[PDB]
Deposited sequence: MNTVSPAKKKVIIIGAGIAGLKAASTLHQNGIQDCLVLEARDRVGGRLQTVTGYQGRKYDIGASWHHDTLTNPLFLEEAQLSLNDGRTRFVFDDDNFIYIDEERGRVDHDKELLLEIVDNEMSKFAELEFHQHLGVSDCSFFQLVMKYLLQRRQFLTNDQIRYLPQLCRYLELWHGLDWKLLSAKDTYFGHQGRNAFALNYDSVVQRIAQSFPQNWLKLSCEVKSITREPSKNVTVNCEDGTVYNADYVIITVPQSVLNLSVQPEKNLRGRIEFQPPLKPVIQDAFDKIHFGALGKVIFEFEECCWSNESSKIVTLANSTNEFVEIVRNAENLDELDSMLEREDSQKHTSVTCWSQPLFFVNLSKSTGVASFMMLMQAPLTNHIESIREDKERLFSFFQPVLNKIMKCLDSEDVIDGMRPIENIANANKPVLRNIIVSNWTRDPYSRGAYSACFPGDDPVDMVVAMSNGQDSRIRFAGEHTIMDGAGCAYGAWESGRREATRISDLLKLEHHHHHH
């Protein structure tokens, strides 16, 4: 009765999609891709807004373009058909502070130069160091400020740590939640902003039997039959038997398995239940919440000096002094505690001025946890949002040679026609943006348990199941190629005399 399949992939993300791609590439037949949503791509979603303009509300860039297998693949096509599939939108960051204004590439602040030293500082703190406990990124930025106060001006000690935090937007975590040992990481080359990441999702989705894909099926349970087979159940009731299965649900969704309540959207009931080595890996790795807010304006009425703009939080000169007075490290850590609402200036905000990179009059901004859940929890209040960001929006426009902004959601002035927010933290099938490390996190743990699988037939792929390009789309891609290739290798023994 239950349909016989060779390999059943759970999840139509880039990971499962690539698994499905590789499988068909290796002549594996009768396969099946089961996806809860009614769309493929998963955390690679391209939405539409005002005038029909499009933006990736999930991944946007191809990182490490020097080694990124997925990118080079995408680059090969464009190099052969001349079609624009991306664009290196790296630029010189423009740093704005509420009071001061633009403190970037400054002759007396030299902020970027001390950031690199701050970076190297961190590097010397870890990179090749056994034992060295962790501590938050915030703590680390404080330690540097303390161990080097003798060579930092009053303005550096104040404005530096704020610029330093643009990193929060790489990780999706606030500097107090972020693990230092993991804050600083190398980038293998420039970034390539994807001109339709969904453009990539589809290429891969059309590379294998279209009947393999069955959307809107939420997998409730996965069972390994003592007879060496895996049975998968969709909520709608359909049941399938398959020799192998490649599980690609988000680390967050997979985590729902180590708990009671089999009525949590997304959760899969595992029989036998996930190995103790897996669930326990969950303790040492966590989830981040990178969030996005697209600010669509009517026309490009602002300076395109750059495409990367970050607004620094707020700093106080009393801080400078505390750093100027602290006798020891703990004293500083202590003191500061001195004890209130969150506003657009309570954390760094990363704005991507698409008007220079894509010729579109919109701003793609990145937020981090905790602001993400908050902003996402109220994405439906387009007014409470415009109210929230108006100040930074104005401040930015001020520095970009333009007047304040005119809310025109429902003429040389900038008009905000529409606002789009991400829903990753609220999406039961997503539960966050992607993998991230908290202080004391051995991300190597999850990767190992994951890349090794539940057993011979219950495997794992996804941004968390791989090390190289972990958290990145291309990592999830490679993970898909991986698990499929292995399955493909095992099935190769089939045609042996």
Practice prompt. Could you please spell out the deposited residue ranges that have no C-alpha entry in the coordinates?
Written response: 1 to 4, 344 to 348, 420 to 426, 514 to 516
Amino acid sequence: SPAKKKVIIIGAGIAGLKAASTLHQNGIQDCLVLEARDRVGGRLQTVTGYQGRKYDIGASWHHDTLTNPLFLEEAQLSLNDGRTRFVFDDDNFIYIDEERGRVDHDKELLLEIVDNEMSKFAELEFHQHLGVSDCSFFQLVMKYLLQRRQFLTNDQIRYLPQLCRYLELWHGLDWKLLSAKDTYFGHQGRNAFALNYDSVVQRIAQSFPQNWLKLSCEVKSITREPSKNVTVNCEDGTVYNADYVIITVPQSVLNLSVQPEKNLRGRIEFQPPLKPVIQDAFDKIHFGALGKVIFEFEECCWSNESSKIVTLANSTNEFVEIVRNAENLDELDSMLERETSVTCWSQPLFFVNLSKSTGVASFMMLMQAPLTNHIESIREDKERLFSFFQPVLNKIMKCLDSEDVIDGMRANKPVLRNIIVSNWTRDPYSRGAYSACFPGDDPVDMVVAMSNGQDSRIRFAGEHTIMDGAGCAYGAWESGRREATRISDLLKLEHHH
From here on, numbers count along this sequence of modelled residues.
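Definition used throughout: the rigid core is the maximal C-alpha set that superposes within 1.5 Å between two forms.
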Worksheet item: Core fit done; bigger CA RMS in 8 other deposited structures of this protein for 242 to 250 or for 325 to 333?
Response: 325 to 333
Discussion item. So, in 8 other deposited structures of this protein, taking the root mean square over structures and residues of the Cα distances after a rigid core fit: is 52 to 60 or 431 to 439 the more displaced stretch?
Written reply: 431 to 439
Fill in: Missing-residue flag, residue 339, threshold a third of other entries
yes
Worksheet item: If you average the Cα B factors in the entry, which is higher, 123 to 131 or 373 to 381?
Response: 123 to 131
Worksheet entry | Of 132 to 140 and 85 to 93, the one with larger mean CA B-factor | 132 to 140
Worksheet item: In the PDB entry, which of 207, 311, 425, 263 has its C-alpha at the highest B-factor?
Response: 263
Worksheet item: Highest Cα B-factor in the deposition, which of 413, 292, 214, 203?
Response: 413
Worksheet, complete the sentence: Entry-reported C-alpha B-factor of residue 6 relative to its chain, by third, is lowest
Worksheet item: Which third of the chain holds residue 463 when residues are ordered by C-alpha B factor: lowest, middle or highest?
Response: lowest
Worksheet, complete the sentence: Temperature factor at the Cα of residue 439, chain-ranked in thirds, falls in the highest
Response to the item:
Entry-reported C-alpha B-factor of residue 420 relative to its chain, by third, is lowest
Practice prompt. Would you mind checking where the Cα B-factor of residue 247 ranks among the modelled residues of its chain, as the lowest, middle or highest third?
Written response: lowest
